[PDB]
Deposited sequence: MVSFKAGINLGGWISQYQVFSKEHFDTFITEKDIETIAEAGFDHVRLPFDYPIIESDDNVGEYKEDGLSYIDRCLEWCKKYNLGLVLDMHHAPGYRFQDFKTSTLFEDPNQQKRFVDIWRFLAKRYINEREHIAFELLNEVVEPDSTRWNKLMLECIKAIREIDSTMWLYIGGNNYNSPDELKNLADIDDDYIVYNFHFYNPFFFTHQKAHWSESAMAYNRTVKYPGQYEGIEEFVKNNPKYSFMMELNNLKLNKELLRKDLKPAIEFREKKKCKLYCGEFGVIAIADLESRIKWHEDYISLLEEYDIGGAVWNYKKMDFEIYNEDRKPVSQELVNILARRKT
């Protein structure tokens, strides 16, 4: 069981449109894990949102019906020799770093999960929290240290994936508190250049305003003309005529590499990808360049996303959007 070439299962028990059993039971099935396993991936990252495990009305009572989804996924992975990175996407409250109570629930959910899977030693790793956007890392470091401690009381050797501030930015790793612990893997997400990977992203106001098709390798066009029309996105002027190429990707990856040089730790890129509406040749090339960098620096990771979520690698018929793309991603 290795955690090097994975794929995310976003939209299943996280970022689900509607909380419906029909969805939860149909979105991901053993046939999907089989498909992923067959394609050559070695693990899947599974983001989950709290409510499918804990309801705000009766805090502390965990849902077996919700848990059955994680349990069954674990069973499917074991059968196909895949690893599973259980990832908490949305946590209690964001008020989490404000409200002591939301923090208590956060650590208790992890304490509960550590016990629940205490006998699974090689197929599961825990990834604490994705959603982190703070002015600085002081409060996340406090909560994170408390969370590691609680988990360690129960399981001294479970692998814990920890990311930094600003959505696990690679330049925020240096701001995390020192964790003298041998079973930690440091996580970072990578979506650079943002306007290429999220070109026309409906959810990005800035991307939706700019509204431009971007090729890779290539460059940002009409930035100056766009800012002129939209003074509100003046900050974008810094990107005027930016050249998008492999050297740009290596530059953006440098902060994670430096951090590792100092901490002598393991790194993991839990999310990276290109919006599916981008031209295929560019979409393939970006992944190819990025994966070559991950391979060069020996960094494992998981591409966003398996199906749907606008970053699909596979269609609903469980067939890859491109075989070359999957081959690249399976390393």
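Absent C-alpha positions map to the deposited sequence ranges 1, 95-102, 341-343, in order along the chain.
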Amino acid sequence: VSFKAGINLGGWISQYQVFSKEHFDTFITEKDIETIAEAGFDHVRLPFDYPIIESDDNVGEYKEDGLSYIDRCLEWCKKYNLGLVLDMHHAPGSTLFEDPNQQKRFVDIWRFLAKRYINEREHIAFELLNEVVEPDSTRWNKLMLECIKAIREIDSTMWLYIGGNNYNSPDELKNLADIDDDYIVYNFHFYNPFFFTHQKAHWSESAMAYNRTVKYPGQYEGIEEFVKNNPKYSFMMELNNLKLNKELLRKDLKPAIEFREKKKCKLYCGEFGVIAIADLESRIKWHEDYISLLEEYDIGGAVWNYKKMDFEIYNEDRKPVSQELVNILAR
From here on, numbers count along this sequence of modelled residues.
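Averaged over Cα atoms, the B-factor as recorded in the entry is higher for 228-236 than for the other of 228-236 and 193-201. Stretches 204-212 and 157-165 differ in mean C-alpha B factor, with the higher average recorded for 204-212.
The top Cα temperature factor in the record, among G300, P51, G40, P47, falls on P51.
Within the selection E288, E61, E271, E281, the deposited Cα B-factor values reach their highest point at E61. Placement of the Cα temperature factor of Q103 within the chain: highest third of the modelled residues, per the deposited record.
Annotation for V1: C-alpha temperature factor in the highest third relative to the rest of the modelled chain, per the entry.
Residue-level temperature factors show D178 in the highest third of its chain, judged at the C-alpha atom. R250: CA B factor in the lowest third of modelled residues in this chain (values from the PDB entry). The PDB entry assigns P320 a C-alpha temperature factor belonging to the highest third of its chain's modelled residues.
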